[PDB]
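Notes follow once the structure below has been shown.
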């Protein structure tokens, strides 16, 4: 079909994924970040996005 | 189909994936970042985006 | 189909993937960063983008 | 299909992947960075982009 | 005497004086702006900081 | 006396004086801006900082 | 006396005085801008800093 | 007296005075700009810094 996106900002400070440790880090397979962030049909068909982590 | 995206900003400081350790880092397979970030059909058919990490 | 993107900014400082350690770094297979970042069909067919890392 | 991207900026400094260590670095296979960053069909067919690293 | 200032932040977007008109602008004589903004003894003695505006 | 100032940041986008008109601009005589902004004894004795503007 | 300033940053984009018109600009006599901006005794004695503007 | 300033940065772009017009510009007498900007005793004695402008 159709997807229409229209945006207008002036100030914006965007942080997609932020991680802090003070005393392992796996980040995902389809990460979309921004002032105008658009994602469409990340997986189609018999696809796969697997983000695993193992620990012993 | 159709995807139309239009954006207008003046100030914006974008950070897609940010990691901090003060006292292992694996980042993913399709990371799209910016003031205007668009992603389409990141996987199609029998594809794969696997972001694994093992630890002992 | 059709993918249209139009952006207009004035000030913006973008950081796609940023890692900091103060006391191992594997970065991913399709990383797109910028004031205007667009990605289409990062995988098609029986493709693969694997960002793995093991630790002992 | 058709892919159209148009952008207009004045001030912006982009940093695609940035790593800092203060007390091993593997960077990925398809990294696209700029004020206007566009990537299309990074993998097609039975292709592969692997950013793997081991440590002992 | 003594003035001690100590600060630690991670993210902060500071705007000292911001003005918007959509359909005259006089700004002051001692304007201090920042993440750590310190001002001491702006006027001493028989001084003066006059910020006037006249309109017909 | 003594003025001691100490600061530590990581991300901060500072804007001292910002003016916008969409449909006259006079800016002041002692404007100090930045991530660490310090001002001392901006006027001493019989001084003057005058930011005037007239309009017909 | 003593004035001590110590700063440590990583990312910061500073804009001291910024003016925008979309449909006369007088900027001031002592403007200090930067990641670390320090000003001391901008006027001493019988000094003067006058940022005036008239309009008909 | 004593003035001491110490700074350490990595990424930062400074713009002291910035003017934009899309449909007269007078800039001031003591403008100090940089990643580390320091100004001391801009006027001393019976001095003067005047940034004046008239319009008809």
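Residue numbers (the entry's author numbering), protein chains in the order written: chain B, 36 to 58, 63 to 95; chain D, 36 to 58, 63 to 95; chain F, 36 to 58, 63 to 95; chain H, 36 to 58, 63 to 95; chain A, 36 to 58, 63 to 95; chain C, 36 to 58, 63 to 95; chain E, 36 to 58, 63 to 95; chain G, 36 to 58, 63 to 95.
All C-beta atoms, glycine included, are put in the ideal place defined by N, C-alpha and C.
What does the alpha-carbon distance come out to for the pair residue 62 of chain B and residue 55 of chain D?
Residues lacking coordinates in chain B include everything strictly between 58 and 63, among them residue 62 of chain B.
Just to confirm before moving on: does the CB-CB distance between residue 90 of chain F and residue 67 of chain D stay below 8 Å?
Taking the first residue of the third chain as 1, we reach residue 90 of chain F at position 51. Taking the first residue of the second chain as 1, we reach residue 67 of chain D at position 28. Yes. Within cutoff.
Sorted by chain position, which residues of the same chain lie with C-beta nearer than 7 Å to residue 72 of chain F's C-beta, five sequence neighbours on each side aside?
Residue numbering aside, residue 72 of chain F sits at position 33 when the third chain is read from its first letter. Same-chain partners within the cutoff: 49 and 51.
Would you call the CB atoms of residue 44 of chain H and residue 74 of chain H closer than 8 Å?
On the fourth chain, residue 44 of chain H is found 9 positions in, with the first residue counted as 1. On the fourth chain, residue 74 of chain H is found 35 positions in, with the first residue counted as 1. The answer is yes: Cβ separation under 8 Å.
In this structure, does DSSP put residue 46 of chain C in helix, strand or coil?
The sequence position of residue 46 of chain C within the sixth chain is 11, counting from 1. Strand, per DSSP.
Can you give me the C-alpha to C-alpha distance between residue 64 of chain B and residue 82 of chain B, rounded to a whole angstrom?
As a working mapping, residue 64 of chain B is identified with position 25 in the first chain. As a working mapping, residue 82 of chain B is identified with position 43 in the first chain. Going from the Cα of residue 64 of chain B to the Cα of residue 82 of chain B covers about 24 Å.
Tell me residue 83 of chain C's beta-bridge partners as DSSP assigns them.
Taking the sixth chain and counting its residues from 1, the one referred to as residue 83 of chain C is at position 44. Per DSSP, A:83 and E:83.
Compare the C-beta of residue 52 of chain H with all C-beta atoms of chain G and state if any pair is closer than 8 Å.
On the fourth chain, residue 52 of chain H is found 17 positions in, with the first residue counted as 1. No, residue 52 of chain H lies away from the interface with chain G (no Cβ there is under 8 Å from its Cβ).
Here's the rule I'm using: 16 or more other beta-carbon atoms within 10 Å means buried, otherwise exposed. How should residue 70 of chain A be labelled?
Here the question's residue 70 of chain A lines up with position 31 in the fifth chain. Result: buried.
Applying the criterion that 16 or more other CB atoms from any shown protein chain within 10 Å of the CB defines a buried residue, is residue 38 of chain A buried or exposed?
Here the question's residue 38 of chain A lines up with position 3 in the fifth chain. With fewer than 16 Cβ atoms within 10 Å of its Cβ, residue 38 of chain A is classed as exposed.
With distances taken Cα to Cα, identify the nearest neighbour of residue 46 of chain F among E:41, E:40, E:53 and E:42.
One-based indexing of the third chain puts residue 46 of chain F at position 11. Comparing Cα positions, the closest option is E:53.
Taking its Cβ as the centre, do 16 or more other Cβ atoms sit within 10 Å of residue 58 of chain B, making it buried, or is it exposed?
In the first chain, the residue the question calls residue 58 of chain B occupies position 23. Residue 58 of chain B comes out exposed.
Let me make sure I understand the geometry here. Which of C:80, C:93 and C:95 has the alpha-carbon closest to that of residue 88 of chain A?
In the fifth chain, counting from the first residue as 1, residue 88 of chain A sits at position 49. Answer by Cα proximity: C:80.
List the endpoints of the continuous beta strand (DSSP E) containing residue 72 of chain E.
As a working mapping, residue 72 of chain E is identified with position 33 in the seventh chain. Element bounds for residue 72 of chain E: 69-72.
Given that a residue counts as buried once 16 or more other Cβ atoms are within 10 Å of its Cβ, and exposed if not, what is residue 86 of chain B?
For the purposes of this step, residue 86 of chain B is taken as the residue at position 47 of the first chain. Buried.
Should residue 93 of chain E go down as buried or exposed, given a rule of 16 or more other Cβ atoms within 10 Å for buried?
Start at 1 with the first residue of the seventh chain, and residue 93 of chain E comes out as number 54. Burial call: buried.
With 8 Å as the threshold, decide whether the Cβ of residue 95 of chain C is near any Cβ in chain D.
In the sixth chain, counting from the first residue as 1, residue 95 of chain C sits at position 56. Closer than 8 Å: no.
How about residue 82 of chain C: is its C-beta nearer than 8 Å to some C-beta of chain D?
Position 43 of the sixth chain, counted from the first residue, corresponds to residue 82 of chain C. Answer no: the Cβ-Cβ gap between residue 82 of chain C and chain D never drops below 8 Å.
Classify residue 95 of chain B as buried or exposed, calling it buried when 16 or more other Cβ atoms lie within 10 Å of its own Cβ.
Working through the first chain from its first residue, we reach residue 95 of chain B at position 56. Residue 95 of chain B should be labelled exposed.
Using three-state DSSP, classify residue 37 of chain D as helix, strand or coil.
Position 2 of the second chain holds residue 37 of chain D. Reduced to three states, the DSSP call for residue 37 of chain D is strand.
Kindly identify the DSSP beta-bridge partner or partners of residue 55 of chain E.
Translated into positions along the seventh chain, residue 55 of chain E becomes position 20. Beta-bridge pairing links residue 55 of chain E to C:55 and G:55.
Just confirm the distance between the C-beta atoms of residue 25 of chain C and residue 41 of chain E, as a whole number of angstroms; I'd bet it's less than 8 Å.
Absent from the structure is residue 25 of chain C, since the part of chain C shown begins at 36 and ends at 95.
List, in order along the chain, the chain C residues whose C-beta lies closer than 8 Å to that of residue 48 of chain D?
Stepping through the second chain from its first residue, residue 48 of chain D is reached at position 13. Under the 8 Å cutoff, chain C gives 46 and 48.
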